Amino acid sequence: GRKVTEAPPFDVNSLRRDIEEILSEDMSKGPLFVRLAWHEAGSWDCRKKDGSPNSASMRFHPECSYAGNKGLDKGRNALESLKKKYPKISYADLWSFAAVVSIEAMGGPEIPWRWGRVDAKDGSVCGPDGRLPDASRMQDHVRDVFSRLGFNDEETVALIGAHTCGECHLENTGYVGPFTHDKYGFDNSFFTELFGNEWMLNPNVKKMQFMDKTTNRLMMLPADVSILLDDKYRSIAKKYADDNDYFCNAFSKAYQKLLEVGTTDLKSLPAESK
């Protein structure tokens, strides 16, 4: 084990500023980068110890063409110019970093980030499909997926609270709309809106989704509203709705863990780079 501290081969403080500038020109890329890094880690099986998480294996087939990753080409493409500018960064480090920077940019927690991920060089390391969650399914499927990733219920609910930011796109997943009225803010408001609305069927979307009664401008997936139906998940979501600092600190710990599954030999930044 034992902590290793070392300056990375790239200029992390300049890289962070370049990412922030991308976000200031196009805030929609912030939630996109958070989803990108999550899908790159979401292939993990903590039992089989496979799926090539945190390795930018999503840059290869078949993983890049799995339905759960549709739209993430826009995320990969959006970082190619920073890859060229900082050529000593791995794609895996760049994706994960861009996600932690995005979260901090949207007013979210400052999430500790370590470097050293090594990029997949071919498709042979890609694990199979059906590792990413199915939005059309409910709480048992959610628990099955998050237990396979190595998370408990408190970490599962906190991670799903990332839908505080961003929105669904019909062209990517057949789902449409934001989860909150502040989609470029990172806070507990996915839980506030979840408890604070009556969810009804949206009759105008072919894939089954909900809308809020009050405005019809929010949406929830079946997997999202399954947090209300599971007694255990509901109790945990209420704690997060009630206490944004507790939600932010739970999300920070769980998202760092996510961006580190199936990794070795990671390095802490020198206090001044972090």
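Numbers follow the displayed sequence, beginning with 1.
- Taking the mean C-alpha B-factor of each stretch as recorded, 117-125 and 134-142 are not equal, and the higher mean is that of 117-125.
- If you average the C-alpha B-factors over 174-182 and over 82-90, the higher value belongs to 82-90.
- Between the residues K238, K207, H39, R59, it is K238 that shows the highest Cα B-factor in the PDB record.
- For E193, the recorded CA temperature factor ranks within the middle third of the chain's modelled residues.
- In the PDB entry, a CA B factor belonging to the lowest third of its chain's modelled residues is recorded for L159.
- The entry lists a Cα temperature factor for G150 that places it in the lowest third of the chain's modelled residues.
- When the modelled residues of the chain are ordered by their C-alpha B factor, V12 lands in the highest third.
- Annotation for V34: CA B-factor lies in the lowest third of the chain's modelled residues.
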